[PDB]
Amino acid sequence: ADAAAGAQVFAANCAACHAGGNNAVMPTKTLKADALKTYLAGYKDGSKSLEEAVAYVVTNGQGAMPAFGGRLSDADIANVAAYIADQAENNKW
Ligand code: HEC
């Protein structure tokens, strides 16, 4: 999906909890490449791509993280997932 478009999604929906690609609530579970491969469901076990796994967690929530399905458009979810994947894989946080 569109990483560049996802940056704005992120700014509007995700930065209060994940500023800097970090995690204010659960500090180990950051959006950096190493943490994502350790902790993010689906991605960590090899059964999902990073982008899909981010799309899933955004849509459905996890633990303390709210769900965004029904709050964000399908494109917005897809694009923010692409932004996370791009930031992480390219070490841009
Ligand atoms: C605070 C109220 C949050 C908001 C808003 C968003 N996220 Fe979040 N996220 C939060 C927590 C507490 C966690 C940990 C969940 C757990 O495993 O217990 C997460 C996790 C993620 C992850 C996985 C990180 C990892 O496992 O290392 C991703 C990819 C993620 N969050 C992305 C994300 C996006 C893109 C958001 C805006 C749409 C967003 N989160 C909101 C807390 C909060």
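This chain uses plain numbering: 1 for the first residue, then up along the sequence. Note that these values count all heavy atoms, side chains included, but never hydrogens, waters or copies made by symmetry. Atoms within each ligand, like the ligands themselves, are counted from 1 in listed order.
For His18, the nearest N, O or S atom to atom 8 (Fe) of ligand 1 falls under 2.8 Å. At least one N, O or S atom of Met65, from either the backbone or the side chain, sits less than 2.8 Å from atom 8 (Fe) of ligand 1.
Close approach of ligand 1 to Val58 (heavy-atom distance below 4.0 Å) involves ligand atoms 34 (C), 35 (C), 38 (C). Interface of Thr30 with ligand 1, defined as ligand atoms under 4.0 Å from a residue heavy atom, comprises 24 (C), 25 (C), 27 (O). Counting the atoms of ligand 1 from 1 in the order shown, those under 4.0 Å from a heavy atom of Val25 are 12 (C).
The shortest contact between atom 2 (C) of ligand 1 and any protein heavy atom is with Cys17 SG, 2.7 Å. Protein heavy atom at the shortest distance from atom 37 (C) of ligand 1 is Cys14 SG, 1.8 Å. Shortest contact from atom 22 (C) of ligand 1 to any protein heavy atom: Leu31 CD2, 3.7 Å. In terms of protein heavy-atom proximity, atom 18 (O) of ligand 1 is closest to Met26 CE, 3.4 Å. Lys29 NZ, 2.8 Å is the protein heavy atom nearest to atom 17 (O) of ligand 1. Here the heavy atom of the protein found nearest to atom 11 (C) of ligand 1 is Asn23 ND2, 3.4 Å.
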Show, in sequence, the C-alpha distance, side-chain angles and deciding distance for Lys44 and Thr38, and conclude whether the side-chain contact (heavy atoms from CB on, under 4.5 Å) test is met. CA-CA 6 Å; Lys44 70 183 192 57; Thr38 304; over 6 Å; no

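Considering backbone and side-chain N/O of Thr28, none are found under 3.5 Å from N/O of ligand 1. Considering backbone and side-chain N/O atoms, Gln62 never comes within less than 3.5 Å of an N/O atom of ligand 1. Any N or O atom pair closer than 3.5 Å counts here, and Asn13 shares no such pair with ligand 1.
We find the CG-CG distance between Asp86 and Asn79 to be 12.0 Å, quoted to the nearest 0.5 Å. Here the CD atom belonging to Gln62 is positioned 13.5 Å from the OH atom belonging to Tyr39, to the nearest 0.5 angstrom. Note that OG1 of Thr59 and CG of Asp74 are 8.0 Å apart. Values are rounded to the nearest 0.5 Å. The distance from the NZ atom of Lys32 to the CG atom of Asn22 is 4.0 Å, given to the nearest 0.5 Å. For the atom pair CD of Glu89 and CD of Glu51, the computed distance is 8.5 Å after rounding to the nearest 0.5 Å. With values rounded to the nearest 0.5 angstrom, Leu72 atom CG is found 7.5 Å from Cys14 atom SG.
Of the possible donor and acceptor atoms, one in the side chain of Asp2 sits under 3.5 Å from a partner among the backbone N and O of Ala4.
By heavy-atom distance, the residue among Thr38, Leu40, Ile77 lying nearest atom 23 (C) of ligand 1 is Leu40.
Note: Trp93 and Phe10 have tilted aromatic rings, judged against thresholds of 30 and 60 degrees for the angle between ring planes.
For the pair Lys37 and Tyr43, the cation-pi test (distance below 6.0 Å, angle within 45°) is passed.
Here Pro66 has side-chain heavy atoms under 4.0 Å from ligand 1, and that is the only part of it that gets that close.
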